[PDB]
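Read the structure below first, then the notes.
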Amino acid sequence: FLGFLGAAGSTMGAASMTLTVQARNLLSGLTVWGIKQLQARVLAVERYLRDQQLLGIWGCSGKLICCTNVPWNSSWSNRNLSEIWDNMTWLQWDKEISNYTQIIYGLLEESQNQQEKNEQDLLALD
Amino acid sequence: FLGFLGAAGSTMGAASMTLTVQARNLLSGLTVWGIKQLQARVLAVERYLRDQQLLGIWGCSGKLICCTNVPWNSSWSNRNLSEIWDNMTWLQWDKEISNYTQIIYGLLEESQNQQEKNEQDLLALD
Amino acid sequence: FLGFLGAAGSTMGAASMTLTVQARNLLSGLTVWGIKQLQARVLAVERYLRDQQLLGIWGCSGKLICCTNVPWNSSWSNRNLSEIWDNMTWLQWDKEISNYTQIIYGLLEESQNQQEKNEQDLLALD
Amino acid sequence: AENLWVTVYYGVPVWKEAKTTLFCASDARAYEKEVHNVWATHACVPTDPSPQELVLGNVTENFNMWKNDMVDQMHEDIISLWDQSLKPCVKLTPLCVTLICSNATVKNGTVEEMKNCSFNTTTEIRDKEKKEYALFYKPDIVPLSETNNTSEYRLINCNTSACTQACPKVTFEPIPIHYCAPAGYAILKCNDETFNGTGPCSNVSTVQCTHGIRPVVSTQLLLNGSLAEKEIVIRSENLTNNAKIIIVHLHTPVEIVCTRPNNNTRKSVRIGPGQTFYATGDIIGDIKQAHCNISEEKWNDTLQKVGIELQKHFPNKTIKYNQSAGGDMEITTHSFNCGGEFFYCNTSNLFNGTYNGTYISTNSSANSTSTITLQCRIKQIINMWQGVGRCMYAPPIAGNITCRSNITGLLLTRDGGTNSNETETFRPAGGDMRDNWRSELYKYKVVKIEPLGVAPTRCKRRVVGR
Amino acid sequence: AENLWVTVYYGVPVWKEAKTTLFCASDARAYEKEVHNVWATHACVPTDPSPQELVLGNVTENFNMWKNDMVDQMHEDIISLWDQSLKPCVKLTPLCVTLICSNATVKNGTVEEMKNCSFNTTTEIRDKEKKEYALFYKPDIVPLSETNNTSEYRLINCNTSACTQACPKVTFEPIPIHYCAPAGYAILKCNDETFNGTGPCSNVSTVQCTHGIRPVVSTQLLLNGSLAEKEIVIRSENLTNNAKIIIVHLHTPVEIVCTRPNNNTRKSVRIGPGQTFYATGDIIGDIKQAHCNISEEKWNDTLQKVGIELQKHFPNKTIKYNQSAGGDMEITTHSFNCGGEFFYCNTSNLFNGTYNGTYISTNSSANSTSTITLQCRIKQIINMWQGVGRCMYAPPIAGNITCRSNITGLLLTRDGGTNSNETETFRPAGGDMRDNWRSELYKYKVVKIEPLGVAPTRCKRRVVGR
Amino acid sequence: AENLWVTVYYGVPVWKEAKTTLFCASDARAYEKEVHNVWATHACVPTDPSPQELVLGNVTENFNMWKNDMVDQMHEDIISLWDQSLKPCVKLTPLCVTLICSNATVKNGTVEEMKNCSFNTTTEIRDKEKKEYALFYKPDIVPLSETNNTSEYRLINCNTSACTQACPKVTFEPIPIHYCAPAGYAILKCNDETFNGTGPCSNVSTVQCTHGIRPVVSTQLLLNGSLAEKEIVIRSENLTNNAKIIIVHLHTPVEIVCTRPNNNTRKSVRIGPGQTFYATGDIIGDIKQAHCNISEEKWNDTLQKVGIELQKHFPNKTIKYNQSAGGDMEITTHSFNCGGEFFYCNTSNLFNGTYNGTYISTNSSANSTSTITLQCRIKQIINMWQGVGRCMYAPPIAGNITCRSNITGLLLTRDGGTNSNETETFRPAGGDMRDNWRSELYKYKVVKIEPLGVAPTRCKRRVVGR
Ligand SMILES: *[C@@H]1O[C@H](CO)[C@@H](O[C@@H]2O[C@H](CO)[C@@H](O[C@@H]3O[C@H](CO[C@H]4O[C@H](CO)[C@@H](O)[C@H](O)[C@@H]4O)[C@@H](O)[C@H](O[C@H]4O[C@H](CO)[C@@H](O)[C@H](O)[C@@H]4O)[C@@H]3O)[C@H](O)[C@H]2NC(C)=O)[C@H](O)[C@H]1NC(C)=O
Ligand SMILES: *[C@@H]1O[C@H](CO)[C@@H](O[C@@H]2O[C@H](CO)[C@@H](O[C@@H]3O[C@H](CO[C@H]4O[C@H](CO)[C@@H](O)[C@H](O)[C@@H]4O)[C@@H](O)[C@H](O[C@H]4O[C@H](CO)[C@@H](O)[C@H](O)[C@@H]4O)[C@@H]3O)[C@H](O)[C@H]2NC(C)=O)[C@H](O)[C@H]1NC(C)=O
Ligand SMILES: *[C@@H]1O[C@H](CO)[C@@H](O[C@@H]2O[C@H](CO)[C@@H](O[C@@H]3O[C@H](CO)[C@@H](O)[C@H](O)[C@@H]3O)[C@H](O)[C@H]2NC(C)=O)[C@H](O)[C@H]1NC(C)=O
Ligand SMILES: *[C@@H]1O[C@H](CO)[C@@H](O[C@@H]2O[C@H](CO)[C@@H](O[C@@H]3O[C@H](CO)[C@@H](O)[C@H](O)[C@@H]3O)[C@H](O)[C@H]2NC(C)=O)[C@H](O)[C@H]1NC(C)=O
Ligand SMILES: *[C@@H]1O[C@H](CO)[C@@H](O[C@@H]2O[C@H](CO)[C@@H](O[C@@H]3O[C@H](CO)[C@@H](O)[C@H](O)[C@@H]3O)[C@H](O)[C@H]2NC(C)=O)[C@H](O)[C@H]1NC(C)=O
Ligand SMILES: *[C@@H]1O[C@H](CO)[C@@H](O)[C@H](O)[C@H]1NC(C)=O
Ligand SMILES: *[C@@H]1O[C@H](CO)[C@@H](O)[C@H](O)[C@H]1NC(C)=O
């Protein structure tokens, strides 16, 4: 147990070993203070379900570390592979890749996993 | 972006391409008017989780188009394959088929996926 | 239909046929009595999602009966296999094994399903 | 070809019609300054929802305005916001004393319908009462039980309830409201123009939220609504049953100027530990009664056109418009909420003397001319929702009351079942407040999506490992 | 033989004993008209759940009625619904004034415990007071704090709280309540008849919701309950500790009639801006105490049978029933809520002078015979939940008050630390209102399902793609 | 080397800075007895959360104490808990009457701060009034609007609002609050020594909840806080702009004793019917003012050291501390709340006469000696939150009022825009109550986790079934 966020200073190649430890704590839980606690807890459950729905659309559902068939475009980033995994933190990488969020998601939704499902139905057709 | 329900007039063979577009909108969100938001949001989340649990019992969890081993009974419907997929809308087909909901689910739950799971455990026995 | 808990006196080898019938009912749903309904429902949803997430971390997401690669320790329990499956209720087994909860769960997480998914990523590297 | 197999789809486009909560979204700009508006307080969510209308096409389904539940969602919501808005405010319990009332005098004349009432109050000290006076309009006042002295009077409410004053911060502004569906529900517009309230609409569009509804309350003419863009339209649940209210929509609005001329001063009076209460003051003079002006040039044509349209349901007979039939001012007059004062205007001068609308098309042309002028009563003690909810006292407004509106629709009934030989007649009527909502929400429905589906196809099996 | 491996199951049948909220379901039919009943307002849900009882079999587990939480859940609910129902209603704060009270003369006689009080009120005008009169029962009235004049009196509450009137629309009806488990919990019944409140129940069944509990309040006899289906039953947390209450269940109920005979008129009185308060009026004459009637034969046999069942816990001694111990009417008398009047009936005529219940099985039979008759007090100013919850005034009921009920159980204790030689003595005593719930909920438990589980089996691995 | 592919990670350690609701949690031990504590009622959860601190290391990020939303979250919570705790209690409405007042006499002395007022009340009976008296401190009293007789007086609130009495069970105890971030957020502490309110903090730790904040209101000296563990620290948003308050933290607390000596008796008076109201009573005699003692030795050293620290921002000039500027006692004195009495103590005896803090290091020692002594006004009618929230009356406390506290920080400003030749000057000023929270929530942040991430690696594909 390294603890929640306990690898935020570590290189991506080390921090990517902790994912269960952190994910397992994204889901927790005369007066109006009952409305505060409900309105926090329902929003926390809504955010978790929005993530799990989005992983299912990409085809990753249930996996934490997940592979996909979408290739990289050198415009999104192009630094050598060791300058990522062996060298810098997920938080520092986030502030580099942040433009290409949404661009990569539409490429995953339709332009991979819908197409995989079209071809899969045409295989199990036999 | 083809739009939420934007295929509702299309043939089923066309509308069945838009499932991610629609599914992403099944899940969103001194006074007691805050009870409207909380009681609506908790019911919306409860309906979504009932759908996901129901797909998991049938064995389809994390798919949108899913294929199962139950064969058709001509009593449920008996029209030609193109007279479904190339010819009418999901909204029209629903009002043909709506009798045999419950019947098809009871047949999927036990008399398919429970038995697939009995046989899987007896295979992994080795 | 044996019904909800309808097998609670039956042997484990007969109760384990009914898992869908029960699991379909782990999720259901001038005044402040609406705060009973909201605080009850959001807790019942939150407990259910904590089970589903925990099944995701062990590598069983979407199965009811599931199998793992962790071998038994005689310290946890050591009786003949018929004295388990052919002989005692889940309610009786739960009162025998209850020491080794948290021991088995922590062993399933890192020391099995993270490790399987490490080796999977090192394999799809090709 | 082959055997067919149960295949399963999630996120399928299909729906069932069902009742639900709707969210009160709003223009975001109000709650920067306008803390608790009487209609859409900040309990309505500042949002400014984008009008993401999407046309479906090839879909055609049964709209109905009369059975629509969104009307009742609005009726209970508007009542709920009214009570939340009154509850913080000063209760006129300690003001229910003996009033001694004589005439109001200005420029040595006597004012038409305002009596000048002397009465007593506590100061901020319980054991120190004092005398003071305020002006009250005759309708807010009634003689005390017997005229032992004829100048003894009371405030009207006291033998029934206790009225809250409306707090000065809490405005009556009819700001736009957007009704929005929660997740898994969708709102359908009927875009099939000339849809007449019920039946299969041949052209349907989705929206996340309605157009901006103004919650405008008036009881004979309808004010500041949306026009019928193709032509005049006549709606009722059954036109043959004369007891069903006939909602009319106009194609071109008529501009109404509603006005006062008095110059008037506002006074503050107390009976307490501290609070402030607002009362009516002394006057500066040139004098005419409060009134509204409708241009004859426009109104003539408007009741002519509506007459032609009614004759397509009432053929080969002449149509006449007539007075509201009977009862108190609360039903027989055009109610209002202009500038923060509650007008009540006579309409027997307006729905009058009018012959066959088809034959009047032979007239249909004039130079510009005088206004039809309506005399108006005013009152401050109000039982707004036809006795539902609390009694309210509207505080007086200083000086410069005037407002300008568009007539967009009318609330009618046919006349009684007389011989009706060669003729038919119509009257304005108030009914229940719901028809101020049906005259906007007529082209709407809410539907629940049912996103699971099963279907046959040749996908043989989920073959193990394949 | 073979290697064994951790295998995982979800939806396993297993549970842990734990506390929770319970949903308050109802028969659906009340909330069509019975808006805010004092017990079971429409805060409880018109679900009307079918009793889907399932026998489990092969399972045995430890029920306990004394440590039970559903009793505390009901105690906190019934108090909440009582307070919720009174908070909107008229407050008698302005009625607390000097009352001049003389005799209640009726038709050539005088009423025994009612006095005729004159007092001062405001009209609807704050500065115009008037005199008027109302009849009050002597328990609601007390001499004014200094005894200057033997005719000056006050309403009892004034030195302790201001009583709210119970609104006429807010009824006292004992409507059935069904308590339901939220999702992930189950309610268990003990179906093992002759189970005595604690220990291993040998025969257990699941339900979604309890049988229809009636929230009835009375304090010596119980009313309108469920019978013990096999035999008379005695329950107590420790029978040898004489301070522990001894709930008894009957197998055959005794029919009780509770009645008034007076003819009486209801009067309406005000001190305000508008409201109404209800007060007691003038009478038409034949004169009797309000009273209750019990059949001597049925009662005699009933107290005899209970003596035999107690002799099996207390062998070789003679059991005698006796009077309630002492104190004020609020604990020494059988409380009630009949028809909307709060009766308080003496029982020293009823728990009397009885020999050995075993030897009395010699007698045990009679022909048709006279009633035992109980004298009753009535009162209107009520401190209902033994001081907690608001003071309430029950408005009087015109004319025809009478009701018929079933005695289903008794609230005994043994007597004090006497010589006990050849003998033991038992007394009625009322205790906490919780026992009126334990005398229905004794055979229930709520359990939390824990649906995950792990077990060894020969399934070797999830061999990749196998 | 090889092609790179989008690979997805869930639960990645990354965050965005954002606003949220925060949970209030407490040490468990209060709500066993202490129902509705004014600060931290049982609306704060009795969790007693463990300080599970976790040093991240290799991370550095920007903090800001001035823009911090947790301060505003605390202010809107403290006001809500105050208003909700007063709303149940007795209203001093019927007490607002003509007070007739003369001198408070004790053992031939006259108490200078207290007047003796006769006034009238109802008994419990509405139509029976009586005379009675209570002592009131001069600040709670003002002469009647016209002095017809100069002994006519009133309670101060009546030309503004009705004050609630603070109920006898509802304590002002400053028990610790822990603030906790909800699921999917985290709280970051800056653990870098001498962090001066803004900039990149070099050493950051996660916690689930804050340290124990005490919500202490005092307005020139801060009280009972957390020390700066290494040095005296100066914080302000812009030191060159004199309008910005200058919060200081001490490395060592100065112990203050604040006391009363009187012996005083507590009196009960009623005007109502359901009740406790408390009023001030008769005295036993020696006469001494409410006062506070600060040790000269410790205080001199403290204002010496702060003068060195200010000189490191204000170089090559001499520093003097001086009196608070002007206005009423509500801003110019140390507001306090000690033991349930609201002291208001003068400080012009204390921020005085002081020369260059660097040169005063030549003194820097003494043998222990006399105290600096502060005179104190006391009052009971309180407008606590600088004009927002309800008016409160604090009921008198009998006999033994004394409390002991730690001065841990100061609220300064620089002086006005003089020539500033060789010199600068500083003054105590209380400002908005938010700075009583910023002097604990300075080293803190709330962050939102964003657990989805996408990255390149040589994992070629999810090849079909591989
Ligand atoms: C049908 O719809 C029309 C609009 O299309 C409505 O008519 C308007 O009604 C509102 C009130 O409901 C009127 O607003 C008031 O106008 C007064 C004059 O404003 C002008 O002059 C000032 C300087 O004197 C300028 O700054 C300003 O820009 C304008 O040119 C104001 O004195 C009033 O102030 C009060 O209300 C505002 C909020 O609006 C508060 O912030 C203030 O503190 C103050 O309390 C007010 O603004 C408006 O003038 C009307 N317009 C016309 C053209 O008549 C009808 O009301 C509606 N029909 C029905 C039945 O409601
Ligand atoms: C133990 O359980 C018994 C029942 O099993 C209870 O006895 C009943 O108590 C209720 C009141 O709680 C009694 O109901 C009242 O009856 C009046 C007479 O009704 C009969 O006569 C009229 C014609 O005059 C017929 O229309 C009617 O069908 C009946 O045949 C009614 O006048 C009363 O009306 C008032 O209350 C109702 C709600 O009940 C309101 O809707 C009305 O507007 C009105 O305000 C009322 O209905 C009933 O009669 C009793 N039955 C018997 C046989 O006694 C015991 O009360 C209970 N024990 C305890 C301690 O509560
Ligand atoms: C709406 O118009 C009607 C019709 O004019 C107004 O009511 C009154 O109607 C009668 C005819 O039925 C008018 O005629 C007569 O007037 C003389 C006056 O001396 C009188 O002696 C007769 O008994 C009869 O009333 C009458 O003039 C007319 N009143 C007025 C003031 O015009 C009605 O007033 C109009 N509605 C409102 C709310 O004002
Ligand atoms: C319940 O029954 C008791 C027992 O009868 C009633 O109380 C009183 O009991 C005493 C004996 O302990 C009775 O006897 C004597 O009566 C004379 C009357 O003048 C008196 O002087 C003696 O001091 C003694 O009390 C007494 O008659 C009896 N009282 C009555 C009114 O019967 C009791 O009344 C019954 N409970 C209730 C609530 O009525
Ligand atoms: C805080 O200290 C000030 C400064 O001493 C107190 O206010 C009054 O300030 C004046 C100078 O501005 C003091 O000096 C003079 O006293 C003589 C006395 O005969 C008088 O003739 C002069 O007109 C002038 O006032 C004055 O002594 C001083 N008053 C007192 C009562 O000390 C201030 O009182 C202190 N703060 C508080 C809240 O009391
Ligand atoms: C069942 O089938 C008949 C005949 O097609 C149809 O009229 C009816 O509406 C269907 N009912 C349902 C529940 O789908
Ligand atoms: C562990 O095992 C012993 C012996 O069976 C038992 O007494 C104890 O309660 C068990 N503890 C748990 C947590 O199961």
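Chain labels follow the order of the structure tokens: the first chain is A, the next B, and so on; residue numbering restarts at 1 in every chain, and ligands are counted from 1 in their shown order.
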
At a cut-off of 7 Å, list the chain D residues touching chain B, using only C-alpha atoms, as a PyMOL selection string. chain D and resi 4-14+21+43+54+56-59+182-184+456+459-462

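Near ligand 5, at a distance of at most 10 Å and with only C-alpha atoms and all ligand atoms counted, sit the residues residues 322, 323, 324, 325, 326, 328, 329, 332, 333, 334, 344, 345, 346, 347, 348, 349, 350, 351, 352, 374, 375, 376 and 377 of chain F.
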
For the residues selected in the previous step, produce a file with C-alpha atoms as a PDB file, in the first residue's frame.
ATOM      1  CA  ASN F 322      -0.653  52.813  18.063  1.00  0.00           C
ATOM      2  CA  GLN F 323      -4.371  52.938  19.070  1.00  0.00           C
ATOM      3  CA  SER F 324      -7.177  51.551  16.876  1.00  0.00           C
ATOM      4  CA  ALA F 325      -8.438  54.298  14.579  1.00  0.00           C
ATOM      5  CA  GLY F 326     -12.034  55.206  15.610  1.00  0.00           C
ATOM      6  CA  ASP F 328     -17.778  52.440  17.927  1.00  0.00           C
ATOM      7  CA  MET F 329     -16.605  49.821  20.511  1.00  0.00           C
ATOM      8  CA  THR F 332     -12.304  49.832  18.145  1.00  0.00           C
ATOM      9  CA  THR F 333     -12.188  47.180  20.952  1.00  0.00           C
ATOM     10  CA  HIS F 334     -11.204  43.506  21.282  1.00  0.00           C
ATOM     11  CA  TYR F 344     -15.412  44.165  24.694  1.00  0.00           C
ATOM     12  CA  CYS F 345     -11.986  45.193  26.043  1.00  0.00           C
ATOM     13  CA  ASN F 346     -10.072  48.416  25.291  1.00  0.00           C
ATOM     14  CA  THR F 347      -6.542  48.033  23.753  1.00  0.00           C
ATOM     15  CA  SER F 348      -5.202  51.652  23.678  1.00  0.00           C
ATOM     16  CA  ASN F 349      -3.269  50.732  26.876  1.00  0.00           C
ATOM     17  CA  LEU F 350      -1.457  47.927  24.932  1.00  0.00           C
ATOM     18  CA  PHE F 351      -0.628  48.978  21.309  1.00  0.00           C
ATOM     19  CA  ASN F 352       1.343  51.985  22.580  1.00  0.00           C
ATOM     20  CA  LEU F 374      -7.201  46.194  30.110  1.00  0.00           C
ATOM     21  CA  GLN F 375     -10.578  47.711  31.112  1.00  0.00           C
ATOM     22  CA  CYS F 376     -13.679  46.009  29.613  1.00  0.00           C
ATOM     23  CA  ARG F 377     -17.201  47.014  28.599  1.00  0.00           C
TER      24      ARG F 377
END

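When chain A serves as the reference and chain B is fitted to it on all C-alpha atoms, the deviation left is 0.3 Å RMSD.
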
Polymer residues at most 12 Å from residue 119 of chain A, only C-alpha atoms, same-chain spacing of 5 or more positions, as a list in words: residues 112, 113, 114, 124, 125 and 126 of chain A; 65 of chain B; 459 of chain D; 464 of chain F

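In this structure, atom CA of residue 35 of chain B sits 9.0 Å away from atom CA of residue 38 of chain C.
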
Select residues of chain F: the criterion is any atom within 7 Å of an atom of chain E, counting only C-alpha atoms; output as JSON, numbers by chain. {"F": [124, 125, 126, 127, 273, 274, 275]}

Could you please take those selected residues and save C-alpha atoms as a short mmCIF file (atom, residue, chain, number, x, y, z; two decimals), in the first residue's frame?
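Writing done, so here's part.cif:
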data_model
loop_
_atom_site.label_atom_id
_atom_site.label_comp_id
_atom_site.auth_asym_id
_atom_site.auth_seq_id
_atom_site.Cartn_x
_atom_site.Cartn_y
_atom_site.Cartn_z
CA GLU F 124 -49.05 33.66 31.72
CA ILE F 125 -52.63 35.12 31.69
CA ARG F 126 -53.06 37.54 28.73
CA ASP F 127 -55.37 39.97 30.64
CA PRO F 273 -47.17 30.59 27.76
CA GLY F 274 -44.31 27.88 27.27
CA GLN F 275 -41.04 29.07 28.84
#

Within 7 Å of ligand 2, counting only C-alpha atoms and all ligand atoms, residues as an MDAnalysis selection string: chainID E and resid 172:174 216:217 223:224 336:339 402:406

Quick check for you: according to DSSP on this backbone, which residues of chain A are classed as strand (DSSP E or B)? Reply as a ChimeraX atom specification. /A:65-71

Point-to-point distance from atom 2 (O, counted along the ligand's line) of ligand 1 to atom CA of residue 213 of chain D, Å rounded to tenths: 12.3 Å

Give me the residues near residue 255 of chain E as an NGL selection string, where near means some atom within 9 Å (using only C-alpha atoms) and where sequence neighbours in that chain fewer than 2 positions away do not count. :E and (253 or 257 or 293-295 or 298 or 404-407)

Where in segment 26-124 of chain C does DSSP assign alpha helix (DSSP H), given as a ChimeraX atom specification? /C:34-58,81-85,90-97,103-108,115-124

Skip residue 318 of chain D itself and residues of its chain fewer than 6 positions away, then list as a PyMOL selection string all residues within 9 Å of it, counting only C-alpha atoms. chain D and resi 307+311+355-359+422-425

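Distance annotation: of B:11, B:61, B:115, B:99, the residue with the minimal separation from chain A is B:61; atom set is only C-alpha atoms.
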
Which polymer residues have any atom within 7 Å of an atom of residue 187 of chain F, counting only C-alpha atoms, with same-chain residues fewer than 2 positions away left out, as a ChimeraX atom specification? /F:181,189,206-209,445-447

Please list as an NGL selection string every residue within 9 Å of residue 101 of chain F, counting only C-alpha atoms and excluding residues in the same chain fewer than 2 positions away. :F and (99 or 103 or 115-119 or 151-153)
